[PDB]
Every structure is written in structure tokens, then in C-alpha cells.
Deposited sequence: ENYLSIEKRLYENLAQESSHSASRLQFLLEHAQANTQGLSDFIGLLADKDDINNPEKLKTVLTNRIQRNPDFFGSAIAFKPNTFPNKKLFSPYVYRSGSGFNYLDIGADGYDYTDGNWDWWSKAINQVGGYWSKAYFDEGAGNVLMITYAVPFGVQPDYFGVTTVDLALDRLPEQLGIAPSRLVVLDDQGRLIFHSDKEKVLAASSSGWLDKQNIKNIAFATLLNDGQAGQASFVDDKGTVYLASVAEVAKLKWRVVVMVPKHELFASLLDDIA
């Protein structure tokens, strides 16, 4: 079997990597979910509705929470327009900078989180259950590429805001234990969460009009775990392994150029 058996070993190793990495990613996303849910839960059930209008207090809460959870990039507490007197927009937010923790009220100095351009606010103010945004560049606030998990707080029929957790995309490869150039993450609809190239994430990465990519593209469309090769735009052939994230049905794809996989083995 000789090049057939080398190939079968290559795929088994790739399957192990993508499976372990889908796993890391699962625990990371569930940790962010659980924490955002816990914070919206506390605010909704226990919070003093005039301790909560206190930016020094919210800044302390959010700093300690980011400081205590190394994997989180940032967290916000964002209120419906006019929740409180003399403020339209109010959204304390803390994020990790390379040297500390920065703070801003997004609604004063960052952006109008309610204007429709912001998934993390618009989708999420009444899912109740919580919601992941698509990948975006957090311009004016976090100023990096991220996805965010947002959860409404209050009670029926109208909640009065969301709390959020941001995950910086630049960190996923390390958190997943895969070199950036070998990692793609797709959401459940197959849209790009993570790619080495940042203009790809923001709208492209696989030519499906290419005969060689058909099996890889079906694998992606069927939303199944599996192995397949493919070519990129420069015509480099990769061997790739796709693993599913349980429940969310996001995908982790591990791919390494074939020349390189054969050279090591």
C-alpha cells in the first residue's frame, strides 16, 4: 500500500488533531456561555437597580471577571436606550490590552451599539437563551477581530440589557493547540469563524468550482465530521480533517500541505 498506507496514517493523525482541537474549542465556548449566562442571571435576579447604574462598580465587576478568566478577551454590560435618567446609551466594557485592562463606556465613547450594525446587541436583546455573533472587527472598542456571546437580563416580557463575553480570534489557534496556518473554524452554517487570513474572515477561501475540491465541499455542506483533500488558490494540495463541535455544530478543520505531511513522515 506504500503511498496508500502513508496517506492512511496521515489522515488518522489529522483526525486525532481535529478531534482534540474541536474538543478544546468546545470547552472554551461552553466556559464563555456558562459565565455570560451566570452574569446575566445574577443581574436579573439579585441586582440592585441603582447599584447597577454605577460605572465604577460595573468597571470593578468586569475587570475582576476578565482578570480571573485568562481565555476571555473582554466583557460588556450593555443597557436598552433610556433604562436610566440622563443617559441614552450605557455600556461599560473591559478588555485585555497587551499591558493591562482597558475600560470604556461603549455607549459614550465607543459606538451606538443599538444602531443595527452590531449583531451582539441586535440579535440578542431578546433571545434570552443567549446568542453567538458572527466574526467582527470590534472597531471603537475592543479593536480586534472576535466573536461574542451575549445574554439578555431582566424578566418577561422585556429584558433591560445584555452581558457579553468576547473571544479574540487571534487566540483561538493557541487555545486549540493548532498552528494558525493549519486551522479553520466554521460555524454551523459553514461561515468562517477563523482563518489565518483576516480579510477572508470578514468576507473566498475555498474554490468550489474546482473538480478537486468537490469531496471537501460536500463534507462541509453535509455538516459531517470527515477527511478529504483539497487545493487552495496557488494550487497547493492539503490533506484536511473536519471535526464537529458537539451541540453548536461548529466545525474545526485541520489541514496541512501534503508535501509537508509526506516530507516529515
Checklist entry - What gaps appear when the modelled C-alpha atoms are mapped onto the deposited sequence? => result 204-207, 270-274
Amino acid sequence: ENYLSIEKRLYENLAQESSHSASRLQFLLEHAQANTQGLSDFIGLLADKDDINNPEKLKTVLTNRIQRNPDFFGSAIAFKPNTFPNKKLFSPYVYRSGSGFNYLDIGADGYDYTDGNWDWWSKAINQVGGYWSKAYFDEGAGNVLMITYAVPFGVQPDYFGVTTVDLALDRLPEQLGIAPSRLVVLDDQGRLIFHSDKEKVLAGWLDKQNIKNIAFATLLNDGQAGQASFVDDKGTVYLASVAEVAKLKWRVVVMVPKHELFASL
From here on, numbers count along this sequence of modelled residues.
Checklist outcome for this item: Higher avg CA temperature factor (59-67 vs 208-216, as deposited) belongs to 208-216
Checklist entry - Is the mean CA B factor in the deposited entry higher across 112-120 or across 161-169? => result 112-120
Checklist entry - Taking the values straight from the PDB record, which of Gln227, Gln26, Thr36, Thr236 has the highest C-alpha temperature factor? => result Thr236
Checklist entry - When the modelled residues of the chain are sorted by Cα temperature factor, does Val128 land in the lowest, middle or highest third? => result highest
Checklist entry - Is the Cα B-factor recorded for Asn102 in the lowest, middle or highest third of its chain? => result lowest
Next on the checklist: Ranking the modelled residues of this chain by C-alpha B-factor as given in the entry, is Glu30 in the lowest, middle or highest third?
Outcome noted: lowest
Checklist entry - Within this chain, which third does the Cα B-factor at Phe153 fall in: lowest, middle or highest? => result middle
Next on the checklist: How does the C-alpha B factor of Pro85 compare with the rest of the chain: lowest, middle or highest third?
Outcome noted: highest
